[PDB]
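Numbered from 1 within each chain, the chains take letters A, B, ... in sequence-line order. Atoms considered below: every heavy atom in the structure, side chains included; atoms not considered: hydrogens, waters and symmetry mates.
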Amino acid sequence: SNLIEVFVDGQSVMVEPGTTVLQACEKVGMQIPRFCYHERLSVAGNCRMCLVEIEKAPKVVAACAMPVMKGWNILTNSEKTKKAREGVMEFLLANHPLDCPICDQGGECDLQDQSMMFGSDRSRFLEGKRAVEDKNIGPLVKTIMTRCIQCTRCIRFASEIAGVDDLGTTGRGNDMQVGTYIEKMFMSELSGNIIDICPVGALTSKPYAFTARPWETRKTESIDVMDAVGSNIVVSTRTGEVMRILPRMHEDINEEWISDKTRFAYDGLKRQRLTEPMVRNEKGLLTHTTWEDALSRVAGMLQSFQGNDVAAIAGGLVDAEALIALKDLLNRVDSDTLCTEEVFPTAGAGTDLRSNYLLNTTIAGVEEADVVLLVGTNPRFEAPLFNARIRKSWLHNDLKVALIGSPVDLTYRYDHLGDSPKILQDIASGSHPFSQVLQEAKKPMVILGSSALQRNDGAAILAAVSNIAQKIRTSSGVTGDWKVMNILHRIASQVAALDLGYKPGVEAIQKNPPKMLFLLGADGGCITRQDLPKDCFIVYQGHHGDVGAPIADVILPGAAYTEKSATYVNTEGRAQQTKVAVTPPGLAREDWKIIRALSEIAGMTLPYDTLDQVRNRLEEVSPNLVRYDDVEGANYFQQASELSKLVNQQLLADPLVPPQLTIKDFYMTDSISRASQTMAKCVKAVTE
Amino acid sequence: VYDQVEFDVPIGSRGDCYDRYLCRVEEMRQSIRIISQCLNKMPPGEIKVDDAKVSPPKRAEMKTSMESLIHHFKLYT
Amino acid sequence: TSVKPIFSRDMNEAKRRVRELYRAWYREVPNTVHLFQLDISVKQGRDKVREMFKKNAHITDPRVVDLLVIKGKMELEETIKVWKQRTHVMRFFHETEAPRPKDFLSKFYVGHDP
Amino acid sequence: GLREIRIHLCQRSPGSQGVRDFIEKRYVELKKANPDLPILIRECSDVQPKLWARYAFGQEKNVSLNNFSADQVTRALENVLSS
Amino acid sequence: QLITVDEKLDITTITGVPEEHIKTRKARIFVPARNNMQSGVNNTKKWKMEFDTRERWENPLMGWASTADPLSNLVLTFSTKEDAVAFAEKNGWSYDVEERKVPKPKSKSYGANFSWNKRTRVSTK
Amino acid sequence: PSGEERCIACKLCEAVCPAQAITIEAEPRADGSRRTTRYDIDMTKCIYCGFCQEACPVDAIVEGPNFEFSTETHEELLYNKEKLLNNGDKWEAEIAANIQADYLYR
Amino acid sequence: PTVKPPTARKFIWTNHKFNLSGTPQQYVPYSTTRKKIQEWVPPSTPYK
Amino acid sequence: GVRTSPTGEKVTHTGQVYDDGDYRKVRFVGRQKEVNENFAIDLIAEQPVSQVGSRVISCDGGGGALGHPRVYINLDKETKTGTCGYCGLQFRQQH
Amino acid sequence: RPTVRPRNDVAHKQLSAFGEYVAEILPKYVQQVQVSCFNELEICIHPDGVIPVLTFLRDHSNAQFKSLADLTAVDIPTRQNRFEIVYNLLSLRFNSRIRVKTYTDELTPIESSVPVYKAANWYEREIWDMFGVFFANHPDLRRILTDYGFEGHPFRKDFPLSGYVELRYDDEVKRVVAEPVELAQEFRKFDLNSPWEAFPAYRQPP
Ligand code: SF4
Ligand code: SF4
Ligand code: SF4
Ligand code: SF4
Ligand code: FES
Ligand SMILES: [K+]
Ligand SMILES: [Zn+2]
């Protein structure tokens with residue numbers, strides 16, 4: 001009813017009021033040329049490459065900024081429009097450097113490509129060119145600013161998406177320059193994204209420099225495991241080698257951004273790798289051996305133990321196929337001690353109800369909320385793309401954000417309620433004045449960080465935060481289908497492990513130390529040989545030699561997330577799968593196959609022989625684990641809340657202090673990033 | 001430019017190997033006849049279409065002009 | 001579901017063509033072993049022929065069966081008329097291909113392929 | 001003996017209505033009586049409701065709960081606990 | 001004359017593909033993601049079918065990337081997901097289909113850069 | 001003339017090569033320069049078409065005047081960067097004069 | 001070259017060599033790139 | 001800048017050399033490892049810095065159309081020199 | 001305009017008029033007629049019409065397309081009928097060319113055109129060999145280009161460039177043997193397409 005009719009080259013199209021000319025054109029499959037316009041940034045209108053003729057109007061309009069008026073006929077291919085593009089392209093190239101052979105953008109450059117499609121084929125510029133000095137903005141983004149076309153995308157991204165106002169323009173006219181004025185590093189958890197949005201080779205990836213050309217890389221669409229957001233990515237490979245990581249647009253997750261850790265830690269996949277099975281020799285040293293020999297040693301010890309004598313700890317980057325294979329194997333020796341490194345309180349419902357440990361509102365639901373209460377978390381570093389989604393709501397929906405915990409910088413102003421866990425009881429009782437904010441809110445969102453649950457009083461904190469979300473629904477002020485309670489995870493493997501029925505934390509192992517321990521990519525050092533009997537047989541399966549491997553009796557080289565097709569579930573409970581970009585190095589093998597092979601040598605053959613069959617198994621345990629890209633809702637918050645009150649645990653007096661307080665703590669948090677030379681440069685850069 | 005040169009088409013009468021042999025020999029003679037006209041009527045000018053979106057620019061242009069370098073880069077990749 | 005036939009109008013007619021082809025192949029093996037001076041026995045040659053037929057036993061489309069017979073007849077023509085050489089005839093027996101492992105463990109030991 | 005219980009059901013299908021009612025009204029009591037028994041409740045759209053019981057050494061049996069009523073769901077869970 | 005055939009269309013036995021490269025492969029049917037380095041969307045119009053990636057190793061002599069996968073470079077193009085699914089079915093390849101991702105319509109407004117009382121006001125141009 | 005390599009690892013030669021006879025890898029050199037770490041030509045894949053030297057923007061890769069380099073083994077015709085640089089140092093005197101005589105036609 | 005000598009360069013071979021195929025000076029191809037993947041080295045001391 | 005390894009094998013300008021336990025060096029037994037001795041990285045470093053009297057200089061590598069694409073180098077920083085991205089020649093603004 | 005190929009409207013009209021002429025006379029088989037901007041006339045027909053349409057174009061007094069220039073196929077996997085069969089004919093009398101196109105799938109025979117043009121014999125063998133299209137009533141349908149015993153049809157878009165088997169001499173069996181193909185250097189796939197539309201005139205409605 002509100003729609004108005006406009007014409008694109010005579011074709012009628014119905015558009016909402018406020019639609020720009022450029023957006024009207026894309027509704028009929030026309031992409032207007034652009035440089036300064038990005039649909040996730042504020043409109044700028046300065047490059048003028050989008051100028052388009054409106055029938056009967058003498059002046060061309062900037063399609064990216066001009067709202068379309070009813071009855072307009074947009075002439076996207078008329079003579080006036082074509083000559084406008086040729087003129088603007090000519091001005092863009094007048095001072096641009098003859099750099100294409102040495103410029104990393106070459107082959108995937110919007111300036112090159114729109115010059116070929118919309119520009120002239122020659123030059124009439126007979127003068128000398130501008131040259132601009134380079135700015136150093138850190139170890140990640142290389143600047144060759146003579147290539148800059150002054151589109152200001154980087155400036156807008158930095159201010160709007162990253163919430164950092166360190167980039168700007170200095171000077172005037174032809175000598176206007178983009179930079180920081182002073183010498184200053186642009187180090188943000190989202191900084192690497194300015195490489196993608198810069199249309200030219202002015203901003204390029206320092207680690208990637210000179211290594212490849214775009215036409216020769218193979219693209220593998222996969223998932224990021226550096227956190228629990230499940231950012232969609234593309235793995236660029238060439239001749240069997242991973243060359244870089246790029247974002248893959250998923251509007252409900254990472255819209256088209258990734259964090260610097262997701263972008264640049266891939267080089268850690270080339271260091272400290274486990275390539276061969278190893279066993280201890282007569283001198284107690286790890287020495288390479290065959291797969292046959294290594295698995296025979298493990299199978300013998302496995303066949304001689306039962307029940308609590310066998311335990312396993314799953315690390316942060318473990319996939320669901322390996323998680324269920326290991327669970328099935330220890331279950332066949334009647335062991336149920338399947339543990340994760342990351343704690344989650346088993347009080348009350350525990351992991352009985354998915355809604356107890358999921359981000360129930362979903363990441364996209366943040367854009368619908370009106371108040372967000374962050375509790376004991378620093379989402380900026382725990383879930384950078386989740387925090388970016390908060391700032392988007394803060395910027396566009398006037399979202400009100402409050403934090404209970406340390407007063408960290410979140411790139412947007414928020415109301416700090418303090419760090420004491422007692423504020424939760426104040427809010428639940430109604431004493432705190434913020435309880436009146438939640439009471440009025442129609443779509444509140446209470447977010448508790450998984451990092452807060454690692455405290456000893458975690459069960460109390462979860463109960464306290466659960467009580468608040470319970471009263472908000474008792475006020476009946478929420479719609480009904482709207483969910484208030486949310487857990488924000490930081491570990492890629494955590495949600496899948498809870499779904500499969502693992503025991504969160506390693507409390508069980510500490511209670512009943514096993515005689516045989518499987519470390520499945522576990523590198524948190526939660527359990528060391530000091531906590532185990534003197535003869536404990538430790539088997540380490542993983543892809544990096546880091547913390548777990550040096551203490552193991554037997555080492556089984558596994559595959560990294562770029563080397564297998566494996567299932568991961570993000571903090572929302574959304575199951576996603578990776579694809580093989582390259583095969584594992586050396587003798588390393590797919591993780592679920594190692595356990596499947598081990599089960600046969602131990603005379604306990606598991607009932608699945610292919611990837612499809614192990615995923616049929618995953619469906620028998622938790623059907624949502626094979627619903628790829630789907631978000632299956634979880635209900636029964638009432639039942640969980642009732643159980644959480646049955647046992648009262650007191651809150652510790654310690655303030656809520658996030659593990660990552662500053663940018664220096666963000667870069668290294670797992671085996672892959674700890675092995676990355678790029679992440680080491682970032683840490684050195686921000687601490688010096 | 002074949003419409004601009006003069007030459008005769010040899011035609012056989014028996015459709016056998018000997019006539020096809022004679023046609024080929026006579027076609028060689030007519031080829032020399034055409035070559036003579038090509039040498040005399042060769043005009044001046046450029047040798048490839050002056051459209052750098054199809055034919056690569058001259059190397060000197062490629063090394064001086066931004067548009068020419070872009071088009072050289074894209075035509076050869 | 002109406003389609004143009006190749007030769008057979010149903011599986012019964014298609015199966016008659018299959019049996020005629022099998023008979024032609026069965027009778028030609030003794031000559032092939034002799035003319036090509038093969039080092040296989042006639043039994044091996046006929047066992048191979050039977051193997052090639054059997055792997056296609058599950059087909060229920062008369063058009064697919066028709067094409068399989070058409071290709072089978074061409075293969076027999078190449079053999080009978082000695083268009084093939086000894087190398088072409090022996091390519092059915094993969095004499096230089098070391099057996100690939102079949103069980104899960106053996107495939108696990110050597111590489112990543114399923 | 002028994003080691004684990006899993007209950008799969010849909011969030012909307014009428015065939016899972018009896019399972020949905022059982023959880024809504026009687027799962028809390030079942031969990032109080034069985035403090036240390038994993039009872040994994042896992043909803044997924046458009047699945048046939050089902051009960052899984054895992055016993056010692058990996059033995060597993062499953063009972064379909066399609067179109068069951070809350071009482072039949074109780075009875076189905078009555079059998080598993082004794083088994 | 002036309003005959004009646006009711007069986008599923010299957011050509012696996014007449015395509016000449018070796019058995020290992022029919023039964024053990026996994027075709028991926030999808031619309032390629034936009035290369036985030038560029039704003040053009042013209043490489044996101046058609047459906048694609050690729051196969052599972054397999055081992056590449058270094059040639060001992062030169063260090064070149066060797067392969068034994070005959071399908072490593074095979075990429076087919078389809079107008080619709082249905083066409084791609086139909087082609088995989090008759091060739092006997094098991095497959096996964098990923099639904100096309102469309103960028104959802106944004107609400108853009110230049111005037112919001114200068115808001116009187118909202119946070120959308122820009123501090124620089 | 002200073003001795004610095006002309007090749008800047010742009011990979012235009014590799015892209016245009018009709019036979020895929022060229023294999024290149026590159027990284028920043030110790031002094032930060034953009035240079036190749038691998039530049040191989042399989043001389044038994046090559047069709048000696050000259051497209052690589054047309055595509056090169058800095059006259060780095062050329063087809064020289066030598067045609068008397070038959071070998072006794074296949075492996076000897078799999079040129080790596082060291083071999084190709086040695087060819088350039090061996091033949092530059094002639095190559096430069098030939099380029100001088102023909103560059104105005106290019 | 002006695003009338004138009006070639007331009008001199010420091011890197012140009014001062015001593016020409018003929019075809020060396022079949023001699024101990026023949027060219028032998030090899031990969032010019034360094035190892036890509038670095039393996040983890042286990043500790044030298046014992047500790048299981 | 002050619003050096004030998006502990007095995008005596010010469011290291012290439014790309015840093016390549018077979019390590020002690022690599023069987024692949026058997027290919028050089030009875031023959032030789034082709035190595036180019038004119039390391040470009042060292043040859044370019046021997047070139048002197050050119051002193052110029054402007055903020056911006058251009059480089060085409062010499063020889064005009066026989067050099068490289070012509071680029072313009074900014075000399076505003078006195079901390080270091082301006083280096084041509086194509087040929088490695090260095091420039092410095094005088095005083 | 002020196003660089004732009006000149007149009008020829010006289011030929012465009014003549015061919016358009018003859019296109020209608022053919023479609024009026026053979027409505028039973030003609031599905032589409034079009035003339036390209038460089039003046040080539042294409043008749044698209046139902047596969048049943050091969051013999052009648054080709055016979056009419058060869059024998060009719062206003063056609064007299066006596067020469068079969070080429071007969072080939074194109075594989076388009078996205079189509080239900082993936083194989084497009086193309087006949088290029090030449091009329092010496094009228095100094096004109098015409099293209100006739102039909103379609104088929106893997107299991108549907110096409111009628112052999114050897115009765116119309118004896119030139120079709122080997123072309124149809126090549127289409128059988130390279131594409132696997134069966135021609136009915138061919139005097140001698142068999143492979144023509146591929147090696148004896150070769151399996152598959154190489155020109156199909158889903159046939160790999162390097163095939164499945166490669167040959168070598170084996171000393172133990174003293175003959176040439178076939179083995180699964182391994183490559184010392186894999187063919188390097190290039191993604192060359194620009195993400196920006198080149199030709200607006202051909203944009204497909206969304
Ligand atoms: S930004 Fe684009 S046009 Fe400019 S030098 Fe780089 S590739 Fe060429
Ligand atoms: S550096 Fe890149 S993104 Fe920033 S203004 Fe310049 S061209 Fe635009
Ligand atoms: S001359 Fe050889 S290396 Fe150069 S482009 Fe042609 S085939 Fe490739
Ligand atoms: S030889 Fe020339 S074209 Fe090839 S990579 Fe080097 S600079 Fe580029
Ligand atoms: S895209 Fe519209 S002016 Fe830049
Ligand atoms: K860029
Ligand atoms: Zn220079």
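D:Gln11 has its side chain within reach of A:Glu632: a pair of non-hydrogen atoms, C-beta onward, lies under 4.5 Å apart. When side chains are defined from C-beta on, A:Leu330 does not count as touching A:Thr337, because their heavy atoms never get closer than 4.5 Å. The side-chain heavy atoms of A:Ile487 and A:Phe344, taken from C-beta on, include a pair separated by under 4.5 Å.
Under the rule for a salt bridge (charged side-chain N to carboxylate O under 4.0 Å, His left out), the partners of A:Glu256 that lie at least two apart in sequence or sit in another chain are A:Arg40, E:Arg34. Residues satisfying the salt bridge (charged side-chain N to carboxylate O under 4.0 Å, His left out) test with A:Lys442, not counting sequence neighbours, are none.
Under the 3.5 Å distance criterion, the side-chain polar atoms of A:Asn570 are matched with a main-chain donor or acceptor of A:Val229. With D:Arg20 contributing its side chain and D:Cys10 its backbone, the two residues share a donor-acceptor pair below 3.5 Å. Without hydrogens or angle criteria, A:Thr567 side chain to A:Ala320 main chain gives no donor-acceptor distance under 3.5 Å. With D:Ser13 contributing its side chain and D:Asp46 its backbone, the two residues share no donor-acceptor pair below 3.5 Å. Looking only at distances, no side-chain donor or acceptor of A:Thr571 sits under 3.5 Å from a matching main-chain atom of A:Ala228. Between the side chain of A:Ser641 and the backbone N or O of A:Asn467 there is no donor-acceptor pair closer than 3.5 Å.
Classification of E:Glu99 and E:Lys101 as a salt-bridged pair fails, no side-chain N sitting under 4.0 Å from a carboxylate O. The pair A:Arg596-A:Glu321 fails the salt-bridge criterion, with no side-chain N (NZ, NE, NH1 or NH2) lying under 4.0 Å from an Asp/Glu carboxylate O. Remark: E:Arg54 engages E:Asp52 in a salt bridge, criterion side-chain N to carboxylate O under 4.0 Å. Salt bridge absent: A:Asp328 and D:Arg54 never bring a charged side-chain N and a carboxylate O closer than 4.0 Å. Look at A:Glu255 and A:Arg389 and you find a salt bridge, because one of the NZ, NE, NH1 or NH2 atoms lies within 4.0 Å of a carboxylate O, short of that distance. No salt bridge links E:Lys104 with A:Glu251; every basic N to acidic carboxylate O contact stays at or beyond 4.0 Å. In this structure, D:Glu29 does not pair ionically with D:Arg26, as no charged nitrogen and carboxylate oxygen lie closer than 4.0 Å.
Seen from the ring of E:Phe51, E:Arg28 does not count as a face-on cation partner, given the 6.0 Å and 45° thresholds.
The aromatic ring centres of E:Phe87 and E:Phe78 sit less than 6.0 Å apart.
Relative orientation of the D:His8 and D:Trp52 rings is tilted, given thresholds of 30° and 60° on the angle between their planes.
If you check the side chains of D:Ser83 and D:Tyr55, you find a donor sitting under 3.5 Å from an acceptor. E:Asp6 and C:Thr1 are linked by a side-chain donor-acceptor pair at a separation below 3.5 angstrom, with hydrogens and angles left out of the test. With 3.5 Å as the limit, one finds a donor-acceptor pair spanning the side chains of A:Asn624 and A:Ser622. Side chains of A:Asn616 and A:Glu620: a donor-acceptor N/O pair is absent below 3.5 angstrom, by distance only.
Separating the CZ atom in E:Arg25 from the CH2 atom in E:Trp93 is a distance of 9.5 Å, to the nearest 0.5 Å.
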(request) In sequence, state the C-alpha distance, the side-chain angles, and the governing distance for A:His250 and A:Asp629, and then conclude on side chain to side chain donor-acceptor pair (under 3.5 Å). (result) CA-CA 10 Å; A:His250 195 311; A:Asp629 201 53; 2.6 Å; yes
(message) Under the criterion side chain to side chain contact (heavy atoms under 4.5 Å, CB included), I'd like the reasoning laid out for A:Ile447 against A:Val375: C-alpha separation, chi angles, the key distance, then a yes or no.
(response) CA-CA 6 Å; A:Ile447 303 155; A:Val375 176; over 6 Å; no
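Contacts classified as salt bridge (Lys or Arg N to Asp or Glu O under 4.0 Å) and involving residues 338-359 of chain A (residues at least two apart or in different chains) are given here: A:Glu342-A:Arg490, A:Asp352-D:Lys31, A:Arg354-A:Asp499.
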